[PDB]
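Report on the following structure.
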Amino acid sequence: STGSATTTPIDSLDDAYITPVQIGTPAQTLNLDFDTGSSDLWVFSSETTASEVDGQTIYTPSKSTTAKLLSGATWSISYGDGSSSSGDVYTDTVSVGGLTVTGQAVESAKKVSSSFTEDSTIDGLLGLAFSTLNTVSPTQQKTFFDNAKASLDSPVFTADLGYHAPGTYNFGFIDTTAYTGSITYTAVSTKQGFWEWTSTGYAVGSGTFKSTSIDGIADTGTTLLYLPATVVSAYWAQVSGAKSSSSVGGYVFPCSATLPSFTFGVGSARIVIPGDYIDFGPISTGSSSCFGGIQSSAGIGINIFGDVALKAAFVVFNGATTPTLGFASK
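Mapping to PDB author numbering: the sequence shown position 302 is 302, numbers consecutive.
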């Protein structure tokens, strides 16, 4: 079996992407943020603190005939941006683009942090990293992809994110019409629970390609591309007036600039991120200082190939016995 669901940017800057997911019987549709950087399926629910819910669609397990409380199980998660959520756990039928998993752990949010409350369009997260990162205690739970894997035609899912446009998440198959050229596959380390791979280098605009190993994660749940200080400085050095601002929290550039492209290597292949994808608009409404889409990973401890990089490609997340990542131009 297979699944196919459309993913849509939550705003004019592609800050996050939402994909409709059906939970329970009769179906309750919630717009979840598919996150290849975490392994918890958590939702805003009837159990979420009323002052922390601001316009979200909530999951009401009492109205679902297939919902069952996973007695005693709790979850507690905190993300790289400092945001967090926690609560109890139910099992229920979950469908993504026609692909159904019965008895999926659906972690019901009791408490959410301010960042989640502020995103009225995001009803929760659908974790797609390795199940070893799942926070459910005392019995660790599997992701939607882990649970669907045996029913899938091929144990894969693909991310085809759009630039200021909707995209697609496919499960179980590779759409040969969604990309040009060939897919270049690269090794994945599952040691940290992430889709962790090694980029073979980079180029800035029409500059020479620099062959250097850059360990990083393919993360659909991170908006920007986070790379080592050396690489980020070499990129922003090509933009007149660009600087790193401690007051803003990263690199900013004059909104009047035309950004150069950024190429990253995947084995012997190249993925080009157009300059427009790196523009995240004014830092504040009306400002002439614009936020950069390429930021330093120095404070994070890991390089992150976020949406800025992933949307420039058709990305295959191969969950076979030996997991691999495929990148193709599109």
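Note that CB positions come from ideal geometry on N, CA and C, so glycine has one too.
* Note down, one range per segment and in chain order, each beta strand (DSSP E) of at least 3 residues found wholly within the segment 66–119. => 68–78, 84–96, 99–112
* Specify the secondary structure class of residue 277 as computed by DSSP and reduced to three states. => helix
* **Nearest-angstrom Cα separation, counted from residue 315 out to residue 200** => 17 angstroms
* Pull up the CB-CB distance for residue 183 and residue 154, whole angstroms please, since I reckon it's below 8 angstroms. => Between residue 154 and residue 183 the Cβ distance is about 13 angstroms, and since that is not below 8 angstroms, they are no contact.
* Starting from the N-terminal side, write out each stretch of the alpha helix (DSSP H) that is 4 residues or longer and does not extend beyond the segment 134–182. => 144–148
* If you run the structure through DSSP and keep just helix, strand and coil, what is residue 53? -> coil
* Terminal residues of the alpha helix (DSSP H) in which residue 195 lies -> Run containing residue 195: none; DSSP gives neither H nor E here.
* Local Cβ density within 10 Å of residue 243, reported as buried at 16 or more and exposed below that -> exposed
* To do: Can you tell me the Cβ-Cβ gap for residue 13 and residue 123, rounded? I've got them flagged as a contact below 8 angstroms.
  => Rounded, the Cβ-Cβ distance is 20 angstroms, inconsistent with contact.
* Return yes when the Cβ of residue 148 is within less than 7 angstroms of the Cβ of residue 225, no when it is not. => no
* Asked: Going by other Cβ atoms of all chains shown within 10 Å of its Cβ, with 16 needed for buried, is residue 9 buried or exposed?
  -> buried
* To do: Could you have a look at residue 210 and say whether DSSP puts it in helix, strand or coil?
  => strand
* Quick one: using the 10 Å Cβ neighbour count with 16 as the cut-off for buried, is residue 192 buried or exposed? => exposed
* **Cut-off 7 angstroms between Cβ atoms - residues of its own chain near residue 293, not counting five sequence neighbours on either side** => 224, 225, 277, 278, 279, 280, 308
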